[PDB]
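First comes the structure, then the notes that go with it.
Cβ sites come from the backbone with ideal geometry, for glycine too, and all protein chains shown count toward neighbours. The numbers here are math on the coordinates, done by the rules we state, and not lab data.
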Amino acid sequence: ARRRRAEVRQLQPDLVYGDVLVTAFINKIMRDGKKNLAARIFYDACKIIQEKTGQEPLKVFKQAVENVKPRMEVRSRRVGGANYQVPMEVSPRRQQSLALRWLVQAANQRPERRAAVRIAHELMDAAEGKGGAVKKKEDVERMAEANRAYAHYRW
Amino acid sequence: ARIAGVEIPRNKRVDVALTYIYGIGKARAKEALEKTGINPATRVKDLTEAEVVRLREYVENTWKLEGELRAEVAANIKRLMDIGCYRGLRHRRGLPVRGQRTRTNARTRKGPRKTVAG
Amino acid sequence: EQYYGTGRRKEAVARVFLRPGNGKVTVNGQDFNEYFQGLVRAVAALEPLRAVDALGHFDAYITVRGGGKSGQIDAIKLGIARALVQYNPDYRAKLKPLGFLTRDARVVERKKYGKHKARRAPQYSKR
Amino acid sequence: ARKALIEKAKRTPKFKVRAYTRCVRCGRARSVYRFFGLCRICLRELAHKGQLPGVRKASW
Amino acid sequence: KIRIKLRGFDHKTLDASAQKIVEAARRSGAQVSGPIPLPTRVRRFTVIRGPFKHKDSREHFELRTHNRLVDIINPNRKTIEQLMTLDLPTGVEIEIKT
Amino acid sequence: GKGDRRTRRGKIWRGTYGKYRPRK
Amino acid sequence: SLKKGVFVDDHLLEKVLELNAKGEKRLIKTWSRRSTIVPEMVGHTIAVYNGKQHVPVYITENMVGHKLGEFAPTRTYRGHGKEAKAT
RNA sequence: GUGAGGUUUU
RNA sequence: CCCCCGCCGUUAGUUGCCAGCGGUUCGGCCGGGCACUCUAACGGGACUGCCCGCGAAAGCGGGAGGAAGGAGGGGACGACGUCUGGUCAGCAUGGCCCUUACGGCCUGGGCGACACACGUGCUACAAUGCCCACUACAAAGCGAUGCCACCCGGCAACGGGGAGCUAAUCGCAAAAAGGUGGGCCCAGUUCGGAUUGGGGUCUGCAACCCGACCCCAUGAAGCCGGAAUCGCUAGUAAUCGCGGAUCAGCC
Ligand SMILES: [Mg+2]
Ligand SMILES: [Mg+2]
Ligand SMILES: [Mg+2]
Ligand SMILES: [Mg+2]
Ligand SMILES: [Mg+2]
Ligand SMILES: [Mg+2]
Ligand SMILES: [Mg+2]
Ligand SMILES: [Mg+2]
Ligand SMILES: [Mg+2]
Ligand SMILES: [Mg+2]
Ligand SMILES: [Zn+2]
């Protein structure tokens with residue numbers, strides 16, 4: 001079953017600048033357990049996280065908190081005739097985690113030759129606040145609280 | 001930036017564009033430049049325009065001309081069947097000839113999923 | 001300099017060496033950015049010292065032997081925390097309010113039968 | 001054969017392929033050891049009578 | 001002083017020499033210290049239990065090499081005698097080094 | 001790569017070092 | 001990957017070379033191919049177990065350092081097909 | 001106040 | 001009740017650290033320590049035990065607190081029984097035939113034959129990967145006809161020695177991204193890759209078709225896949241890194 005509270009999945013108190021919120025996003029950027037190649041993008045790169053955004057090297061994501069998180073989407077449906085289980089009264093932890101796993105591939109899937117552009121393909125989207133999670137909150141997250149037909153099937 | 005060979009990889013590093021010239025590889029494009037003094041991290045386009053033309057005779061001294069040893073790929077198969085050996089029809093039936101398995105893996109010289117009826 | 005602190009992750013034989021001096025943090029023959037160079041978790045080591053307004057007047061070099069690299073940093077976060085016996089372990093108002101008093105015991109789990117790499121196994125076939 | 005496969009291999013041993021690294025009492029030649037001589041099957045029905053101490057069950 | 005390769009079967013029966021030469025050599029001249037531990041060389045033979053119809057899930061089989069050495073601080077005619085005139089030949093195969 | 005003819009670890013996976021990349 | 005010692009089997013090293021003493025018929029029965037074919041006599045026919053049965057081999061002066069190991073017909077592969085798949 | 005295109009016997 | 005793990009006064013002080021202060025080649029090196037350090041020996045070692053709420057009844061939220069917590073952690077462990085499931089490709093045993101033989105006798109071939117078709121291991125779709133200066137942070141089994149630093153001949157695959165070891169230093173091995181690196185510039189491209197016929201070294205009767213594949217030739221396929229699968233709950237995936245076991249390479 002599932003009737004049990006979770007674990008010590010809250011990682012660790014880190015030491016660089018605090019900021020356990022985006023160190024987990026570095027854990028989303030990295031693959032194959034590789035360190036000192038993903039943390040060089042966020043920390044050791046001194047020319048792409050600054051000199052282009054205008055200010056504020058560490059807290060670029062001020063714009064990438066207020067209006068970028070995907071929150072509200074369907075869980076899972078079987079043959080389940082016409083439920084449309086969008087609204088759901090969703091959770092802030094899932095709201096953060098869908099951003100942390102859905103704001104990743106706007107730099108990996110979008111390549112560029114330069115070793116200073118393919119990294120911080122994402123930092124301009126975080127500083128400006130654009131990408132694939134801005135139109136999605138207007139497409140998917142604005143079709144639940146306006147009118148009246150879907151289904152009584154909830155849980 | 002013209003090369004010693006024929007197919008130009010369009011202005012890359014001297015370890016890269018000079019390599020896949022026929023007759024040249026990793027251990028010839030790596031030692032053929034450190035003797036002449038070119039730093040292997042530089043570009044073919046950023047070479048000296050005299051090093052463009054004087055690094056061409058060094059390649060064409062000993063080994064046989066481009067396409068001729070590629071014809072010796074088909075001619076060595078001819079000379080091994082001096083009496084019409086069994087290795088000749090090991091070659092000319094579309095399969096690897098070392099002795100790999102050919103129902104699974106080593107699907108290369110066979111046509112990929114070409115012919116079965118059932 | 002020789003203290004009670006023995007922080008053993010990664011089967012690292014920990015011998016931590018510190019006394020009141022002048023420098024912030026030292027290591028065996030290097031200067032904290034050449035031997036510890038390579039992991040970002042080594043840019044700020046002395047968390048039990050800097051957390052209690054006792055930042056940088058300790059020598060804090062080591063003789064630690066076993067395993068890899070970041071368990072030495074865990075032997076600073078836990079090795080200094082066991083090595084504060086000079087700074088009076090009856091001081092119970094320096095490590096208690098912060099979320100600090102969980103000890104490093106998370107070791108990598110061992111390997112079993114029918115198995116490649118410690119709970120990775122071949123799957124079902126149904127034929 | 002079943003009985004005299006031991007005496008079949010006791011001719012002059014030639015060289016370092018087709019090794020006669022066989023089990024002693026039965027007719028096995030698989031998973032023998034340079035500390036036992038017996039095989040993985042005969043350590044089960046011989047060393048678990050108490051006949052061959054040393055090797056035990058660890059199970060940690 | 002001298003190295004003596006102590007190999008016992010079980011560590012209690014190896015303590016029947018490592019705890020008998022020592023307590024038989026402390027009291028009358030040419031004293032002795034306790035045994036330092038050599039590494040127990042636990043072998044690994046993790047092989048299949050069943051003869052034929054047993055594919056995976058095999059049992060661990062070890063082989064424990066219990067070994068120490070006792071450091072005497074003076075050898076003489078009343079302590080080399082205590083190495084070879086007392087014996088409990090049930091868990092002991094020792095050697096004497098030079 | 002492991003399965004390559006000559007890489008850094010292609011000598012490790014296949015057993016011996018190369019005639020251009022020796023031991024020392 | 002051949003070396004300075006070109007090995008022929010001691011069972012079959014000089015018991016193929018009976019021709020070079022006087023001169024006899026153009027056949028002699030050797031067995032192996034992992035042993036090197038004899039370089040002393042040339043031009044004649046050497047009987048050998050060629051993989052399937054004892055059928056001879058005949059050189060035509062084209063071997064300088066070529067290996068005889070490509071002479072083994074025993075897989076009489078007629079062609080493709082005849083599978084009866086999905087089993 | 002609510003649920004199935006829906007199955008065959010080895 | 002049987003151990004790993006985090007874990008100590010006592011710990012043996014052949015791992016021994018100038019940690020005091022010692023002197024040194026500036027490795028505790030060396031002619032006393034054991035104060036700080038394992039292997040392996042070991043007995044103490046918290047228990048929702050105390051408090052306040054839910055309760056006639058232990059289930060009882062949380063606090064103190066330590067090595068950890070209310071089950072300290074994984075692990076070690078496998079009921080009465082099922083499948084007339086399978087084992088003579090162990091052993092003994094009933095039984096069919098074979099004992100001038102489905103036995104041995106002698107060394108080439110075969111299990112790696114090819115056009116397929118399902119899942120199991122290595123596993124690149126590139127600047128986040130990569131032949132590339134480089135030397136390290138080593139958990140444990142290995143190794144005296146074996147490992148083989150240094151010292152070699154080395155474009156070397158590897159001849160011939162010796163250094164240390166009848167077996168924790170001496171040497172295994174290289175721990176891997178640690179590189180503060182120069183670059184490979186959106187590329188079907190040094191990201192990536194096999195089949196290939198000639199030469200040079202073999203440990204080995206001998207490597208072909210059944211040596212590792214060693215610099216060489218040469219590099220076909222691949223930009224993340226369909227009807228929804230399937231190993232994974234916080235030290236769990238994932239590349240990376242080490243040894244055996246019959247062991248000469250290693251398939
Ligand atoms: Mg090309
Ligand atoms: Mg791990
Ligand atoms: Mg039915
Ligand atoms: Mg003490
Ligand atoms: Mg439990
Ligand atoms: Mg069955
Ligand atoms: Mg079944
Ligand atoms: Mg059956
Ligand atoms: Mg293509
Ligand atoms: Mg191996
Ligand atoms: Zn047996």
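Observations, loosely collected:
- According to the Cα-based calculation, Rg over Rh for region C:80-127 is 1.41, with Rh computed by the Kirkwood formula.
- In chain C, Cα pairs under 8 Å separated by at least six residues give a relative contact order of 32 percent.
- Mean per-residue shielding of peptide G:64-74 is 3, counting Cβ atoms of other chains within 10 Å of each Cβ.
- Here C:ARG19 and A:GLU51 are evaluated by their C-beta separation; at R0 = 51 Å the FRET efficiency comes out at 0.75.
- Comparing B:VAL52, B:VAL97, B:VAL14 in a Gaussian network model of chain B where C-alpha atoms under 10 Å apart are linked, the largest mean-square fluctuation is found at B:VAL97.
- Cross-link reach list, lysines versus D:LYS16, counting only Cα pairs under 19 Å and skipping chain neighbours closer than eight places: D:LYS8
- Using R0 = 30 Å, the C-beta based FRET efficiency linking E:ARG43 and C:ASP104 works out to 0.40.
- Pairs beyond 23 Å (Cα-Cα), from A:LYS34/B:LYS30; A:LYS28/A:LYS59; B:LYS110/F:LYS2; D:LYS10/G:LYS52: A:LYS34/B:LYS30; B:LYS110/F:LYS2; D:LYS10/G:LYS52
- Per-residue HN-Hα couplings for region D:21-26 [Karplus 6.51, -1.76, 1.60; θ = phi - 60°; Hz; x = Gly/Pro]: 7, 9, 6, 7, 8, 9
- Residue mean of other protein chain beta carbons inside 10 Å, E:57-65: 5
- Relative to the dominant Cα principal axis of chain B, helix B:68-80 is inclined by about 30°.
- Computed log₁₀ I(q)/I(0) - Debye formula, equal Cα scatterers, no solvent, the protein assembly as shown, q 0.10, 0.11 Å⁻¹: -1.38, -1.38
- Put simply, the amide H of E:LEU63, placed in the peptide plane, has neighbours under 5 Å in E:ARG43, leaving out anything fewer than 5 places away on its chain.
- Region C:21-111: C-alpha gyration tensor shape, a/c 1.5 cut-off, then a/b vs b/c: oblate
- J(HN,Hα) series, region D:36-53, from Karplus relation 6.51 cos²θ - 1.76 cosθ + 1.60, nearest Hz, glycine and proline x: 9, x, 6, 9, 5, 8, 7, 6, 7, 9, 10, 8, 10, 8, x, 6, 10, x
- Summed over all non-identical Cα pairs, the Kirkwood treatment of region B:1-71 gives a radius of 12.3 Å.
- Amide hydrogen neighbours beyond the local backbone of E:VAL92, cut-off 5 Å, H modeled: E:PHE9
- Cross-link pairs A:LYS35/C:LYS112; C:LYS126/E:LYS53; D:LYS57/E:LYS78; E:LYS5/E:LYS55 - those with Cα-Cα distance over 31 Å: D:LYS57/E:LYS78; E:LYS5/E:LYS55
- Between 0 and 90°, nearest 10: helix A:20-29 axis offset from chain A longest Cα axis: 90
- Loop-located GluC sites (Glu not before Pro) in region A:64-105 (DSSP state not H, G, I, E or B) with no more than 11 neighbouring Cβ atoms inside 10 Å: A:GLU89.
- Centroid-to-centroid separation of region E:1-53 and region A:96-115 [C-alpha atoms, Å]: 61
- Chain A, relative contact order in percent, only Cα pairs under 8 angstrom and at least six apart counted: 26
- Long-range amide H partners of A:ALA45 with built H, under 5 Å: none
- The separation of region C:41-117 from region B:34-89, counted between C-alpha centres, amounts to 60 Å.
- Ordering B:88-94, G:3-9, E:54-60 by mean Cβ neighbour count within 10 Å, with the highest value first, yields B:88-94, E:54-60, G:3-9.
- Toward the positive end of the charge dipole of region E:50-98, with +1 on the Cβ of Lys and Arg and -1 on the Cβ of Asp and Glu, the farthest Cα among E:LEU63, E:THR79, E:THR98 is that of E:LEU63.
- Alpha-carbon centroids, region G:3-24 and region C:23-38: separation in whole Å: 71
- Unmatched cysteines, the protein assembly as shown - criterion: no other Cβ of a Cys under 4.7 angstrom: A:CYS46, B:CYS85, D:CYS26, D:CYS42
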